[PDB]
Each structure stands twice: as structure tokens, then as C-alpha cells.
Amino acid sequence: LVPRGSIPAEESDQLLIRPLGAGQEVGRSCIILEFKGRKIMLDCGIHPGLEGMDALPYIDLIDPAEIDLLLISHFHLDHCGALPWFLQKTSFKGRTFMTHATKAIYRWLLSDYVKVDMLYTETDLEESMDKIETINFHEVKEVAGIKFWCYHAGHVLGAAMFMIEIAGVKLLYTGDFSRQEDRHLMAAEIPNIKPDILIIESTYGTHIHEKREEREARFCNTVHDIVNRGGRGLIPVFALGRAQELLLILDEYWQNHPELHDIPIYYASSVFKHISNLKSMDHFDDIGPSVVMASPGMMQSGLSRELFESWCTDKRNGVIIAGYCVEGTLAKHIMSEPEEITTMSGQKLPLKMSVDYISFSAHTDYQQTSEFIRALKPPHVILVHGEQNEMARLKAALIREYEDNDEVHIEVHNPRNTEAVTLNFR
């Protein structure tokens, strides 16, 4: 393979890409890149559906003292949740980078995550902070002969798509990205610099997102239906990111419906005209009807789980899941509509509240991913960050898009965890 940036050719160099997490799955993103003696780790998250050391990527398969560079795409815990453990409980001595906004949220986010088999303590989190260097967007940095810079990814504030260049070979890692313009977030940039390799998320496979006006209308109608019948509405959200979006939509809908002005909306985490802030359960009068937006987004524990257990037995109540549901979480389990749930204390409760799923996770759909790949046409595309069935359908659909393309033949890979993808560059 001739690098796209580049006579009797000499020796070929082999590039190695191996996912330790997010390989044919969603969670614990951690992809290893090896080329010409350099070793790079892309993200270092935890699996939200597993517990303890099982929620970590397969770090045992590598020698962490040989990792030259660690790049963190955004502040979500499936991409940086394992970072304090990797920085403090392991022989890693390389350099770590994330954007300025990402580091700022990371310190408070993981501090919250620790408070609510503990991989690390809040002590470990604070000592590893100075090991994390920052980087501006559209600015080249070099570490051990590795040139890298980042583009805007959309998705959440500070989310970055890292471009990596070693010996003229360019690789683009999208992390999590979205191409649909938000109310408070830009769409992901499409680089004009063309990469040899693309590592791209596959969260929604070949699904196509419902138009934003349709999902917003159904979201507001479902909330309205819940409080109108005297119910309490639970909107589990991950602390920062999509929560501000949903609060804008509800604040606008409340203003245009005066019959809802007396119904409170609470946002509980650690300028609207109809939304109040909430500190904890102690500061909250559970008076129905009401709307409560609480963390975490998948009711694994914490406030959203406590409110769900308090409200799930009343059919007037309802929960609205707005994010992507990972296997092993309570939010994914209730999609099957079980007769009963199990509380954190081990008690069985009948699930009688309504359960609705209106997606607002801010990932690309097939159209956005296909357009993104067509604009770049990288000879090799590697799918990560997606369930096995969704990723297999995305691979087949993208392959079919380029069988009749005489200009470029694009190879698509969907490696399992620990599975290596090998590419040779002249």
C-alpha cells in the first residue's frame, strides 16, 4: 500500500490495529495501534454493563510500559472511565492527551462516578490529573515521532476526532461523532486531509435516525401524557451532554402550553424559565405530577435508579430513555418489558410504569456515516463501538457501496476484541 500523501519501492512496513474494548461491542473503548516501533492507545473506557475488573478492556494482552501515546476522544465513561486505573495502577509511562474541555469535565465527572471492587479512588483520580496533557483543536503535536491533531466530533462538548500520522501514513479515529447539527453543539467536521485508515464508530449500524422534529415532538407528547394522567416522568440522562438539549426542548414546550406551567421540571446533577435545579433526594418533594431529569442515563445506580424503584409500581408514572442502552444495564433490560424488576437491595417490584425509548444519543446514522466515508474514501475502514449484529450489517452495506467503484476499493474490517488487523505500507 502506497500512503495517500506519497520508483523502485523498498521494504514494506506493517501496521497493527487491535481493539481491547469496543471490538464488536459498545463499551470500554480501547484500541491499540502499532506501527514502526510506536505504540498508541485510543481511548481507555469502562463497560457500563459489566462490574469491577470485568468492565475493563483487555489490558493484559499488552505491555502498558510500551505505550508511547494515549489519546482520549471525549469525556464519556466508556472512553475515559478506566483512565485513573491505567495511569495509577499500571506500568504506563507514556503521554496522555485530551482536549481542554474534555479534561475539565473529566475531573468532576469521574469524581461523581466514584462517589455513586472499586477500580480506583478519588485520590488516584487527582494524582493522575497532571499526567494528562491538553491539546487545542486544529493544532499538531508530536510524541515519539507520532504527529497527531484533532477535529471537532460533535456528540458532546470537547469531543475530538484524532488524526494520527506516522511515517507519512495517516489514520483518523472518530471516537463518538455526530453529523447532525445540535441546538448547542456543532456537527462533526469532515477533514479535507485524506486518511489511509479510518477507525469509526458503528453504534447504530444501518439504522436511519428519525427526523429531529419528529423525535422532539414524540418526546414532548410522551412527557405531556405522563404528567397529564397524574404521573411522574423520569428522564435518565448521563450528567452532561444530552441533558441540556432535552431541557431546552421541554422548556420550549412548557412555555407554549400554559396548562403545564404548574407542573415542575427538576434537573438533578452535581437559563430556563420552567426548570428547577435539584441537589439530591433529600432536597426533593416527590409530589406528582412532575418531571425529573436525573443521572445516570442507564439507571445502573444513583438517583435515576432510586427514582425508578420508587415510581415503577404506579402505572400513571413513566420513564423515557433517551440514550443508547448497553447490554447489562437496567435501561436495556426493561426494553424487554419484564413483569418485575429487581431493586438494588434485591427486592422484586412489578414494572407498571410506561417505558418509552426516544433516541437522542447523538451518534451518526448510516447516511451520515456513508457520506463521511464517501468524502474521505480511505482504503481501509475499521468498525468499532457497535453491537455484533449492527456492526456486521454496517460492514456489508458499506462493502456493497464500493463493489462497482473502479476508482477505489475500500476494505471494511470488524475485528472482535483482541483480534488484530494488519496492513502493509510500502
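We number the residues from 1 along the sequence you see. If you superpose the two forms and keep the largest set of C-alpha atoms that fall within 1.5 Å, you have the rigid core.
Visitor: Quick check: by Cα RMS after rigid core superposition, does 353-361 or 396-404 differ more from this form in 4 other deposited structures of this protein?
Guide: Higher root mean square deviation of C-alphas in 4 other deposited structures of this protein is shown by 396-404.
Visitor: Core fit done; bigger CA RMS in 4 other deposited structures of this protein for 282-290 or for 226-234?
Guide: Comparing 226-234 with 282-290, the one that moves more in 4 other deposited structures of this protein is 282-290.
Visitor: Checking the other PDB entries that cover both flanking residues: does residue 77 lack coordinates in at least a third?
Guide: No, residue 77 is modelled in every other compared entry.
Visitor: Thinking of the other compared PDB entries, is residue 118 one of those residues unmodelled in at least a third of them?
Guide: It is, since residue 118 is left out of at least a third of the other entries that model both flanking stretches.
Visitor: Are any deposited residues left out of the model between residue 270 and residue 271, and how many (none, 1 to 3, 4 to 9, 10 or more)?
Guide: Missing in between: 10 or more residues.
Visitor: For the step residue 116 to residue 117, what size class fits the number of deposited residues with no coordinates, none, 1 to 3, 4 to 9, or 10 or more?
Guide: Missing residues, residue 116 to residue 117: 4 to 9.
Visitor: Test of understanding: from the entry's C-alpha B-factors, which stretch has the higher mean, 176-184 or 304-312?
Guide: The stretch with the larger average C-alpha B-factor is 176-184.
Visitor: Can you let me know which of the two, 155-163 or 332-340, has the higher average C-alpha B-factor in the entry?
Guide: Comparing 155-163 with 332-340, the higher average CA B-factor belongs to 332-340.
Visitor: Which of these has the highest Cα B-factor in the record: 280, 317, 202, 192?
Guide: Comparing C-alpha B-factors across 280, 317, 202, 192, the top value belongs to 280.
Visitor: Identify, among 274, 95, 76, 141, the residue whose C-alpha carries the highest B-factor in the deposited PDB entry.
Guide: In the PDB entry, the greatest C-alpha B-factor among 274, 95, 76, 141 is found at 274.
Visitor: Using the B-factors in the PDB entry, rank residue 7's C-alpha atom against the chain and give the third, lowest, middle or highest.
Guide: Its C-alpha B-factor, which the entry lists for residue 7, ranks in the highest third among residues of this chain.
Visitor: Thinking about Cα B factors across the chain, which third does residue 370 belong to?
Guide: Its C-alpha B-factor, which the entry lists for residue 370, ranks in the lowest third among residues of this chain.
Visitor: Compare the C-alpha B factor of residue 408 with those of the other modelled residues in its chain, then answer lowest, middle or highest third.
Guide: For residue 408, whose C-alpha B-factor we compare with every modelled residue in the chain, the answer is the highest third.
Visitor: Taking the entry's C-alpha B-factors for this chain, is residue 423 in the lowest, middle or highest third?
Guide: Ranked within chain, residue 423 CA B lands in the middle tercile.
Visitor: Test of reading the entry: by CA B factor among the chain's modelled residues, which third contains residue 392?
Guide: Within its chain, residue 392 is a lowest-third residue by C-alpha B-factor, going by the deposited values.
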